[PDB]
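The chain below stands alone and is given in structure tokens; this is the form deposited in one PDB entry.
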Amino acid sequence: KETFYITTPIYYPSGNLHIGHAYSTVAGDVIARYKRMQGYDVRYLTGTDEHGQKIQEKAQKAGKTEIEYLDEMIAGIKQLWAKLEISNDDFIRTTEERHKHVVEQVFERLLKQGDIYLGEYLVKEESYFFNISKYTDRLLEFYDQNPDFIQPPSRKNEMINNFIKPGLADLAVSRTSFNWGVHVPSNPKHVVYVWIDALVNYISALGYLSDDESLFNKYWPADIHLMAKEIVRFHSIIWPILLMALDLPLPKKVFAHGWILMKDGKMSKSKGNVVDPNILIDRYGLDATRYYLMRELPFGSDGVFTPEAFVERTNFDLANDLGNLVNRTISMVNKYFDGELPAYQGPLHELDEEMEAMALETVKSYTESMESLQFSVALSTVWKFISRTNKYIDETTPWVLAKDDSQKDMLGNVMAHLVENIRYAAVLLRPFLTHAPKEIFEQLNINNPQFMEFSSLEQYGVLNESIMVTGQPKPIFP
């Protein structure tokens, strides 16, 4: 199996996480689940940045030690990801010795190589300085040879113009004004600053410089680092320069999605425009929360949350469009055939030829959207197919057909096409929604996991034997 390595940024637990953080982790999970469905050996990482004066200050104010405070915050963050059914293979913490060892070794290496020198940085304090300008041509050469490195492509030309063209100043990579962080082994009054400390989580979590580097040699380089747009230059400039200084392979892609806005702009702990994901999940369910996030933030753009948009998106798309379609279909199979779904024979009805083609066009277009990080376009395309399936009930009028015994075969064809249309949608929604597809597969009585995979969508009409649907249907949402 080809490997695929995906990461979110490590988040700062100076306060509780809100749906902005949730977006990145769900988006990372959508990509991870999608890539596992394509047959990749996937590793998916997330974590926490646990150092700096600010974390020590929060712990003191809470009347706790730094790790005591951090363990409670991280417990809540882990609980949240377990609630969101995030499929992360590991959780990296910068307080862990596996991480601290790498920060220590990397800082001492750069010191030995002459990359780092002692100096002074009113903000007036001593710091080690990283000579990054000597990697400039190498970085710009790498951009030329990897034109899809920054996503969206717009932000690459901002990097070069705003930060590189003026010239990369020597980066201050340590401080002496705080003590909560990784102390430099050579010179312990210095503490490693955020730049080296936070960035190396992506490789420290894979056991880089440990006695077992198997995860590192299997998964590095990262296929995709995802983030919000404001930490892209860390990741586009400083990160590959550090990787050059360590003679390490650079990541393939950095994706910088937009922000989840509120009425007053960016969702943030400091604007007091926070929506707690726990609340949305507890009231409206997991799928509604996951769906809203991925559907409402387009590629290369920002999106806005309002309570009115949320319930609209939840009720119209999930509960009505997909939800009624499933109930309508299972009702009719139970009423006209006593729960026995007739086997698919072929495109018997006149609309079936184009609807079957539409199903395959839906899969192909979905694939293109997913491969180009256009998640909202992928979802909207699946909903056009769901809408058309509801419309196919209205066009065919199965209740009229059920009165003529001569049209029993045609009526069975219509039932089969609804269930197969539903099946196509359920397979395609598996990366996004973790409850509804499984609920749909169980209610239609698809136990075999061969019906739930992407390769089962290559040819329309996989059910040639008659099967029995559920006699006691239920709502799929919340």
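C-alpha atoms forming the largest set that superposes within 1.5 Å between two forms make up the rigid core. Numbering starts at 1 and runs along the sequence shown.
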Missing residues, deposited sequence, between residue 121 and residue 122 (class: none, 1 to 3, 4 to 9, 10 or more): 10 or more
On mean Cα temperature factor in this entry, is 305-313 or 100-108 the higher one? 305-313
Please compare 2-10 with 469-477 and say which has the higher mean C-alpha temperature factor in the record. 469-477
Using the temperature factors in the entry, find which of 178, 375, 142, 239 has the highest value at its Cα atom. 142
Specify which of 271, 189, 93, 388 carries the largest Cα B factor in the deposited PDB entry. 271
Residue 213 - which third its CA temperature factor falls in, relative to the rest of the chain: lowest
Thinking about Cα B factors across the chain, which third does residue 453 belong to? highest
How does the C-alpha B factor of residue 85 compare with the rest of the chain: lowest, middle or highest third? lowest
Taking the chain's C-alpha temperature factors as the reference, tell me which third residue 24 falls into: lowest, middle or highest. lowest
Would you mind ranking residue 157 by its C-alpha B-factor against the rest of the chain and naming the third, lowest, middle or highest? highest
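The same protein also has a form deposited in another entry, omitted here; what follows describes it.
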Displaced position between the shown form and the other one, chosen from 179, 157, 301, 306 (C-alpha, 2 Å or more, rigid core): 157
Rigid core superposed: residue 438 CA moves 2 Å or more between the shown form and the other one: no
Residue 60 C-alpha relocation of at least 2 Å between the shown form and the other one, rigid core basis: yes
